[PDB]
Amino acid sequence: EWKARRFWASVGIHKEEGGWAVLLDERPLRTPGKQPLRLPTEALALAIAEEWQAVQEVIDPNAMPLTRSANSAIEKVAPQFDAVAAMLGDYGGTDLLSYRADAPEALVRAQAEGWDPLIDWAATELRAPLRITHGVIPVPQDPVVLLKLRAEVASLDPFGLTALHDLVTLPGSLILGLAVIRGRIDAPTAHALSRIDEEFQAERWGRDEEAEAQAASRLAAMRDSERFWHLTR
């Protein structure tokens, strides 16, 4: 626990060759793995410095989302870039916006009004029109569309791919993720769209405390990813 106490007075950033560095007094911040922490932009450097300047008495890895995502980018995503990109790309074949409920009518309508504009956006802007199904039996997507979607993901930089991760896996939609990083919608909107079903059920049959707690947790993480994406551009 001694290792968690703050021992610095000031936090600053330094140019540094391979990206920006964050300095606790004179000492460079490093990743939990001893690897030097290098950020692609001064905007992210500055934001991470604020997290470390805000440390009270003890370091709380949970109150430091930007630092945590930067560590992941450096230690996990960049080195396994292709694998991560392939995994996010797979969501194109099982995208939430592609599966509509069969009933009741009011829910089918809610899904169409909320999701059809995003499916349209994907067909128009990403040239990735998705086949949509009603029910639970998986419908086959055009192989070419799936490849374009995987390319959209794989064309990202490592810090950007790190941001996209939660924006796709939490709501369970590659389109909602891409729509956020492309500015078509913001994270809170993507979160609201992803839970049309959950919200529908809640209003008609009653809220579920744990599900609401789980949704609040997903939204917070999605906003963290969105913030990380913008700071790293």
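Residue numbers here begin at 1 and follow the sequence given.
- request: Identify the stretch, either 129-137 or 144-152, whose C-alpha atoms have the larger mean B-factor according to the entry.
  value: The deposited B-factors put 129-137 ahead on the C-alpha mean.
Higher-B stretch (mean Cα B-factor, as the entry records it), 199-207 or 30-38: Of 30-38 and 199-207, the stretch with the higher C-alpha B-factor average is 30-38.
From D120, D82, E105, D95, residue of greatest CA B-factor: In the PDB entry, the greatest C-alpha B-factor among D120, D82, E105, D95 is found at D82.
message: Looking at the C-alpha B-factor values in the deposited entry, which of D186, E51, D166, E57 comes out highest?
response: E57 has the highest C-alpha B-factor of those listed.
- request: Grab the CA temperature factor for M222 from the record and place it in the lowest, middle or highest third of its chain.
  value: Its C-alpha B-factor, which the entry lists for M222, ranks in the lowest third among residues of this chain.
query: In terms of the CA temperature factor given in the entry, to which third of its chain does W229 belong: lowest, middle or highest?
result: Within its chain, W229 is a lowest-third residue by C-alpha B-factor, going by the deposited values.
message: Sorting by Cα B-factor within the chain, modelled residues only, which third would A9 end up in: lowest, middle or highest?
response: As the PDB entry reports it, the C-alpha B-factor of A9 lands in the highest third of its chain.
message: For the chain shown, is the CA B-factor of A63 in the lowest, middle or highest third of its modelled residues?
response: According to the entry, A63 has a C-alpha B-factor in the chain's highest third.
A215 - which third its CA temperature factor falls in, relative to the rest of the chain: According to the entry, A215 has a C-alpha B-factor in the chain's lowest third.
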